[PDB]
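Shown below, as C-alpha coordinates, is a lone chain in the form deposited in one PDB entry; questions about how it binds or moves come after it.
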(Lines give C-alpha, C1' and ligand atoms only; values in the text may rest on other atoms or scores of the structure.)
Protein backbone atom coordinates (compact mmCIF):
# COMPACT_ATOMS: atom_id res chain seq x y z
CA UNK A 1 0.00 0.00 0.00
CA UNK A 2 1.38 3.36 -1.12
CA UNK A 3 0.06 6.59 0.38
CA UNK A 4 -1.84 8.46 -2.33
CA UNK A 5 -0.78 12.05 -3.05
CA UNK A 6 -3.12 14.47 -4.80
CA UNK A 7 -1.91 15.78 -8.13
CA UNK A 8 -2.73 19.30 -6.89
CA UNK A 9 -0.12 18.93 -4.15
CA UNK A 10 2.76 18.18 -6.57
CA UNK A 11 4.63 20.97 -8.38
CA UNK A 12 7.20 20.01 -11.02
CA UNK A 13 10.20 22.38 -11.11
CA UNK A 14 13.14 20.76 -12.95
CA UNK A 15 13.45 18.04 -15.58
CA UNK A 16 16.53 16.11 -14.56
CA UNK A 17 16.90 13.26 -17.04
CA UNK A 18 15.86 9.68 -17.65
CA UNK A 19 16.15 6.36 -15.98
CA UNK A 20 15.15 3.07 -17.56
CA UNK A 21 11.83 3.97 -19.17
CA UNK A 22 11.35 6.64 -16.51
CA UNK A 23 11.46 10.45 -16.59
CA UNK A 24 12.98 12.11 -13.53
CA UNK A 25 12.01 15.47 -12.08
CA UNK A 26 12.71 17.64 -9.08
CA UNK A 27 9.60 19.12 -7.51
CA UNK A 28 7.83 20.09 -4.32
CA UNK A 29 5.10 18.31 -2.39
CA UNK A 30 2.66 20.49 -0.40
CA UNK A 31 1.71 18.34 2.58
CA UNK A 32 0.18 18.34 6.04
CA UNK A 33 2.95 17.23 8.36
CA UNK A 34 3.41 16.33 11.99
CA UNK A 35 1.50 18.67 14.32
CA UNK A 36 -0.65 19.67 11.33
CA UNK A 37 1.97 22.07 9.91
CA UNK A 38 1.83 22.84 6.18
CA UNK A 39 5.17 21.91 4.60
CA UNK A 40 6.65 22.31 1.10
CA UNK A 41 8.98 19.27 0.81
CA UNK A 42 11.60 18.89 -1.93
CA UNK A 43 10.74 15.60 -3.73
CA UNK A 44 12.23 13.50 -6.55
CA UNK A 45 9.49 12.43 -9.01
CA UNK A 46 9.95 9.22 -11.10
CA UNK A 47 7.37 9.31 -13.93
CA UNK A 48 6.23 6.23 -15.84
CA UNK A 49 4.05 6.29 -18.96
CA UNK A 50 0.69 4.59 -18.39
CA UNK A 51 0.78 3.05 -21.88
CA UNK A 52 3.83 0.99 -20.84
CA UNK A 53 1.65 -1.00 -18.51
CA UNK A 54 3.92 -3.98 -17.83
CA UNK A 55 6.90 -1.73 -17.10
CA UNK A 56 4.75 0.36 -14.76
CA UNK A 57 3.44 -2.66 -12.86
CA UNK A 58 6.96 -4.06 -12.42
CA UNK A 59 8.29 -0.68 -11.33
CA UNK A 60 5.65 0.05 -8.73
CA UNK A 61 5.56 -3.52 -7.43
CA UNK A 62 9.28 -3.23 -6.77
CA UNK A 63 8.92 0.21 -5.20
CA UNK A 64 6.12 -0.95 -2.93
CA UNK A 65 7.70 -4.20 -1.79
CA UNK A 66 10.85 -2.46 -0.70
CA UNK A 67 9.01 0.47 0.87
CA UNK A 68 7.17 -2.00 3.11
CA UNK A 69 10.60 -2.26 4.73
CA UNK A 70 11.94 0.66 6.71
CA UNK A 71 15.73 0.86 6.86
CA UNK A 72 18.16 3.72 7.37
CA UNK A 73 20.05 2.88 4.14
CA UNK A 74 16.95 2.45 1.91
CA UNK A 75 15.45 5.46 0.18
CA UNK A 76 12.13 6.72 1.51
CA UNK A 77 9.12 6.78 -0.78
CA UNK A 78 6.46 9.29 0.24
CA UNK A 79 3.73 7.87 -1.99
CA UNK A 80 2.38 7.75 -5.52
CA UNK A 81 0.26 9.93 -7.77
CA UNK A 82 -1.54 7.92 -10.46
CA UNK A 83 -4.11 10.70 -11.06
CA UNK A 84 -2.74 11.75 -14.44
CA UNK A 85 -1.94 10.09 -17.74
CA UNK A 86 1.24 8.99 -15.92
CA UNK A 87 2.13 7.07 -12.77
CA UNK A 88 4.40 9.06 -10.45
CA UNK A 89 6.60 7.75 -7.64
CA UNK A 90 7.15 10.54 -5.11
CA UNK A 91 10.50 9.94 -3.40
CA UNK A 92 12.76 11.75 -0.98
CA UNK A 93 15.19 14.09 -2.70
CA UNK A 94 18.71 13.02 -1.71
CA UNK A 95 20.76 16.21 -1.72
CA UNK A 96 24.14 15.03 -3.04
CA UNK A 97 22.77 12.68 -5.67
CA UNK A 98 24.34 9.62 -7.21
CA UNK A 99 27.63 8.29 -5.95
CA UNK A 100 29.21 7.80 -9.40
CA UNK A 101 28.47 11.44 -10.30
CA UNK A 102 29.72 12.55 -6.90
CA UNK A 103 33.03 10.73 -7.30
CA UNK A 104 33.51 12.20 -10.79
CA UNK A 105 32.67 15.75 -9.71
CA UNK A 106 35.07 15.46 -6.79
CA UNK A 107 37.77 14.13 -9.13
CA UNK A 108 38.07 10.98 -7.00
CA UNK A 109 39.61 13.04 -4.17
CA UNK A 110 38.31 10.79 -1.42
CA UNK A 111 40.32 8.35 0.65
CA UNK A 112 40.10 4.59 0.96
CA UNK A 113 38.38 4.82 4.36
CA UNK A 114 35.57 6.86 2.80
CA UNK A 115 35.08 4.20 0.14
CA UNK A 116 35.13 1.44 2.76
CA UNK A 117 32.55 3.26 4.87
CA UNK A 118 30.21 3.55 1.86
CA UNK A 119 30.81 -0.09 0.96
CA UNK A 120 29.97 -1.14 4.53
CA UNK A 121 26.76 0.86 4.46
CA UNK A 122 25.68 -0.61 1.15
CA UNK A 123 26.53 -4.08 2.45
CA UNK A 124 24.42 -3.37 5.53
CA UNK A 125 21.47 -2.50 3.32
CA UNK A 126 22.02 -5.64 1.22
CA UNK A 127 22.27 -7.83 4.32
CA UNK A 128 18.94 -6.44 5.50
CA UNK A 129 17.38 -7.24 2.11
CA UNK A 130 18.94 -10.72 2.13
CA UNK A 131 17.49 -11.45 5.59
CA UNK A 132 14.12 -10.41 4.14
CA UNK A 133 14.65 -12.60 1.06
CA UNK A 134 14.11 -9.51 -1.12
CA UNK A 135 15.95 -9.12 -4.43
CA UNK A 136 16.83 -5.59 -5.47
CA UNK A 137 18.08 -6.39 -8.96
CA UNK A 138 19.53 -2.97 -9.92
CA UNK A 139 22.46 -2.39 -7.56
CA UNK A 140 24.91 0.06 -9.11
CA UNK A 141 26.79 3.18 -8.02
CA UNK A 142 24.27 5.49 -9.72
CA UNK A 143 21.61 4.06 -7.35
CA UNK A 144 23.73 4.82 -4.30
CA UNK A 145 22.54 8.22 -3.13
CA UNK A 146 24.61 10.42 -0.83
CA UNK A 147 22.54 11.88 2.01
CA UNK A 148 25.44 13.70 3.62
CA UNK A 149 29.12 14.25 3.03
CA UNK A 150 31.87 13.31 5.45
CA UNK A 151 32.35 15.87 8.26
CA UNK A 152 35.96 15.77 9.44
CA UNK A 153 35.27 17.96 12.49
CA UNK A 154 32.55 15.75 13.95
CA UNK A 155 34.10 12.54 12.63
CA UNK A 156 30.82 11.70 10.91
CA UNK A 157 31.27 9.55 7.81
CA UNK A 158 29.45 9.97 4.50
CA UNK A 159 25.97 8.41 4.65
CA UNK A 160 24.24 6.71 1.74
CA UNK A 161 20.96 5.18 0.79
CA UNK A 162 20.08 2.67 -1.91
CA UNK A 163 17.48 3.66 -4.52
CA UNK A 164 14.33 1.82 -5.47
CA UNK A 165 14.80 -1.14 -7.80
CA UNK A 166 13.09 0.18 -10.91
CA UNK A 167 11.74 -2.08 -13.64
CA UNK A 168 12.81 -5.69 -13.16
CA UNK A 169 15.32 -7.31 -15.48
CA UNK A 170 12.74 -10.11 -15.78
CA UNK A 171 10.64 -7.77 -17.97
CA UNK A 172 13.22 -5.51 -19.60
CA UNK A 173 14.26 -5.91 -23.24
CA UNK A 174 17.31 -8.09 -23.79
CA UNK A 175 19.28 -5.18 -25.26
CA UNK A 176 18.88 -3.30 -21.97
CA UNK A 177 20.15 -6.27 -19.96
CA UNK A 178 23.22 -6.50 -22.22
CA UNK A 179 23.92 -2.77 -21.85
CA UNK A 180 23.81 -3.41 -18.09
CA UNK A 181 26.63 -5.95 -18.29
CA UNK A 182 28.58 -6.25 -16.00
CA UNK A 183 26.02 -5.33 -13.30
CA UNK A 184 23.58 -7.97 -14.61
CA UNK A 185 25.27 -11.31 -13.82
CA UNK A 186 25.99 -13.97 -16.44
CA UNK A 187 23.23 -16.35 -15.39
CA UNK A 188 20.69 -13.56 -15.90
CA UNK A 189 21.96 -12.80 -19.41
CA UNK A 190 21.50 -16.53 -20.06
CA UNK A 191 17.97 -16.46 -18.69
CA UNK A 192 16.39 -13.42 -16.98
CA UNK A 193 14.31 -15.83 -14.85
CA UNK A 194 17.55 -16.83 -13.06
CA UNK A 195 17.13 -13.68 -10.94
CA UNK A 196 17.97 -14.77 -7.40
CA UNK A 197 19.46 -13.26 -4.26
CA UNK A 198 22.81 -14.25 -5.75
CA UNK A 199 22.17 -11.65 -8.48
CA UNK A 200 22.68 -8.85 -5.99
CA UNK A 201 25.97 -10.27 -4.75
CA UNK A 202 27.38 -10.06 -8.27
CA UNK A 203 26.05 -6.52 -8.78
CA UNK A 204 27.44 -5.51 -5.40
CA UNK A 205 30.87 -6.55 -6.66
CA UNK A 206 30.45 -4.41 -9.77
CA UNK A 207 29.31 -1.51 -7.62
CA UNK A 208 32.34 -1.84 -5.39
CA UNK A 209 34.47 -1.70 -8.54
CA UNK A 210 32.78 1.56 -9.49
CA UNK A 211 33.30 3.02 -6.00
CA UNK A 212 36.98 2.13 -6.22
CA UNK A 213 37.33 3.46 -9.79
CA UNK A 214 36.22 7.05 -9.22
CA UNK A 215 32.85 6.55 -10.88
CA UNK A 216 34.28 5.01 -14.05
CA UNK A 217 31.97 2.52 -15.74
CA UNK A 218 33.46 -0.98 -16.11
CA UNK A 219 33.69 -2.28 -19.69
CA UNK A 220 32.63 1.14 -21.02
CA UNK A 221 34.82 0.51 -24.09
CA UNK A 222 32.92 -2.70 -24.99
CA UNK A 223 29.75 -2.72 -27.06
CA UNK A 224 27.08 -5.29 -26.25
CA UNK A 225 28.49 -7.98 -28.54
CA UNK A 226 31.84 -7.69 -26.78
CA UNK A 227 30.23 -7.62 -23.33
CA UNK A 228 28.54 -10.93 -24.17
CA UNK A 229 31.90 -12.34 -25.26
CA UNK A 230 33.45 -11.05 -22.03
CA UNK A 231 31.06 -13.31 -20.11
CA UNK A 232 31.51 -16.17 -22.61
CA UNK A 233 35.26 -16.19 -21.93
CA UNK A 234 34.55 -15.93 -18.16
CA UNK A 235 36.67 -12.83 -17.74
CA UNK A 236 36.85 -10.76 -14.54
CA UNK A 237 37.05 -7.01 -14.23
CA UNK A 238 40.53 -5.49 -13.91
CA UNK A 239 41.67 -4.77 -10.40
CA UNK A 240 40.36 -1.30 -9.53
CA UNK A 241 42.59 1.70 -9.12
CA UNK A 242 42.22 1.53 -5.37
CA UNK A 243 43.01 -2.18 -5.26
CA UNK A 244 42.19 -2.78 -1.59
CA UNK A 245 38.80 -4.25 -2.51
CA UNK A 246 39.98 -6.21 -5.56
CA UNK A 247 39.77 -9.57 -3.79
CA UNK A 248 36.25 -8.89 -2.49
CA UNK A 249 35.13 -7.76 -5.94
CA UNK A 250 36.38 -10.99 -7.51
CA UNK A 251 34.80 -13.10 -4.74
CA UNK A 252 31.45 -11.39 -5.27
CA UNK A 253 31.66 -11.59 -9.08
CA UNK A 254 31.84 -15.39 -9.00
CA UNK A 255 30.55 -17.05 -12.15
CA UNK A 256 29.14 -19.78 -9.87
CA UNK A 257 26.15 -18.06 -8.17
CA UNK A 258 26.11 -20.53 -5.27
CA UNK A 259 29.70 -19.65 -4.43
CA UNK A 260 29.12 -15.93 -3.96
CA UNK A 261 29.50 -15.04 -0.26
CA UNK A 262 26.67 -14.02 2.02
CA UNK A 263 26.38 -10.36 2.91
CA UNK A 264 27.24 -11.33 6.49
CA UNK A 265 30.54 -12.70 5.18
CA UNK A 266 31.04 -9.68 2.91
CA UNK A 267 30.64 -7.40 5.92
CA UNK A 268 33.21 -9.37 7.91
CA UNK A 269 35.66 -9.04 5.01
CA UNK A 270 35.06 -5.31 4.80
CA UNK A 271 35.50 -4.98 8.57
CA UNK A 272 38.90 -6.73 8.39
CA UNK A 273 40.30 -4.35 5.74
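The term rigid core refers to the most C-alpha atoms you can superpose between the two forms while keeping them within 1.5 Å. Residue numbers count along the first chain shown, from 1. Only residues modelled in both forms are compared.
Participant: Identify the stretch, either 48 to 56 or 242 to 250, whose C-alpha atoms have the larger mean B-factor according to the entry.
Facilitator: Going by the record's values, the stretch with the higher mean is 48 to 56.
Participant: Mean CA B-factor: is it higher for 182 to 190 or for 117 to 125?
Facilitator: That would be 182 to 190.
Participant: Tell me which of 155, 165, 97, 158 tops the list for C-alpha B factor in the record.
Facilitator: In this record, 155 carries the highest C-alpha B-factor of the candidates.
Participant: What's the residue among 130, 151, 92, 200 with the greatest CA temperature factor in the PDB record?
Facilitator: In the PDB entry, the greatest C-alpha B-factor among 130, 151, 92, 200 is found at 151.
Participant: Going by what the PDB entry lists, where does residue 232 fall on CA B-factor within its chain: lowest, middle or highest third?
Facilitator: Within its chain, residue 232 is a highest-third residue by C-alpha B-factor, going by the deposited values.
Participant: Using the B-factor values recorded in the entry, state whether the Cα atom of residue 83 falls in the lowest, middle or highest third among the modelled residues of its chain.
Facilitator: Within its chain, residue 83 is a highest-third residue by C-alpha B-factor, going by the deposited values.
Participant: Where does residue 134 sit by CA temperature factor within its chain: lowest, middle or highest third?
Facilitator: It falls in the middle third of the chain.
Participant: Which third of the chain does residue 101 land in by C-alpha B-factor: lowest, middle or highest?
Facilitator: Lowest third.
Participant: Which third of the chain does residue 108 land in by C-alpha B-factor: lowest, middle or highest?
Facilitator: Its C-alpha B-factor belongs to the middle third of this chain's values.
Although it is not shown, the form deposited in another entry is what the next lines describe.
Participant: Align on the core first; then indicate which of 235, 50, 68, 226 has a CA shift of 2 angstroms or more between the shown form and the other one.
Facilitator: Single residue meeting the criterion: 50.
Participant: Hey, quick one: aligning on the core, which runs of at least three residues have all their CA atoms off by 2 angstroms or more between the shown form and the other one?
Facilitator: Three-plus residue runs displaced between the shown form and the other one: 49 to 54, 82 to 84.
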